[PDB]
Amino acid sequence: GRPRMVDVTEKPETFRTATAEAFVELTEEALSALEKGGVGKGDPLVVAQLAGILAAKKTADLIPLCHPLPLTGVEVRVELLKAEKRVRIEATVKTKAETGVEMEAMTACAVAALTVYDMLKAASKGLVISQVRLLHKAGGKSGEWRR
């Protein structure tokens, strides 16, 4: 029952993809600050979107048993859903390897969300990262998965 990096040595390298999303719940004082350009640290969404891409590459360094893999693609979307006072984040990671990139996609979303928080923290300490969840995955033995 001890920790281990699962042996995937005898698995073929195949096209892999994963998509996840996360949301940041906005207060009124954070929504208005966001529309005016932030709290003085710069564009919250721009900094968070790039932070997501970087995070995807740093996933193996953050998740102990995660496999170090070469990434062939990373897309990150950070948008304001004004009607919901919510910030939606989506990330898709791709690779050609023996194991999936769900952690990379999830991590990109979680860190981008953490960055939105960092960029609006001044206006509202109570902002909440609500859900971080997988939306899609394809490539491995189990094939395609849809939320």
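In case it trips you up, residue 1 is the first one in the sequence shown, and so on.
Between the stretches 57-65 and 34-42, it is 34-42 that shows the larger average CA temperature factor. Here the stretch with the larger average CA B-factor, out of 1-9 and 136-144, is 136-144.
Per the PDB entry, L80 shows the highest C-alpha temperature factor of the residues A91, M119, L80, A110.
When the C-alpha B-factors of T95, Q49, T99, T27 are ranked from the entry, the top spot goes to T27. When the modelled residues of the chain are ordered by C-alpha B-factor, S130 sits in the middle third.
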